[PDB]
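2 protein chains.
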Amino acid sequence: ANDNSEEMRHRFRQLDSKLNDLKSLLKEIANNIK
Amino acid sequence: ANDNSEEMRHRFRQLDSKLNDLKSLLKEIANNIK
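Line order of the protein sequences matches chains B and A. Each residue of the first sequence is one higher than the one before, counting from 1071 in the deposited numbering. Each residue of the second sequence is one higher than the one before, counting from 1071 in the deposited numbering.
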């Protein structure tokens, strides 16, 4: 059983998780500046 | 041997590398403003 969907899938997970904590940092800046 | 997984894969790499140095620039702004 050989699969490459898990590889690109976890690439998608790590990519949008980095987008998630970038969103958290942008909300943190939006709170701390105001 | 024909493969298109390398093409979309390196699209994923260039896309999340641009997200990486965007993350670096956002951390740079978060450090320099405070």
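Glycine residues also receive a C-beta, built at the ideal position from the N, C-alpha and C atoms.
Partners in chain B for residue i, counting only beta-carbon separations shorter than 8 Å
i: residue 1089 (chain A); result: 1085, 1088, 1089, 1092
Backbone CA spacing between residue i and residue j [nearest angstrom]
i: residue 1074 (chain B); j: residue 1080 (chain B); result: 10 Å
i: residue 1090 (chain A); j: residue 1097 (chain B); result: 18 Å
i: residue 1103 (chain B); j: residue 1076 (chain A); result: 42 Å
i: residue 1082 (chain B); j: residue 1072 (chain B); result: 19 Å
Contact set between residue i and chain A, taken where Cβ atoms lie within less than 7 Å
i: residue 1081 (chain B); result: 1082
Under 9 Å by beta carbon: chain B residues contacting residue i
i: residue 1095 (chain A); result: None at all; the shortest Cβ gap to chain B is about 11 Å.
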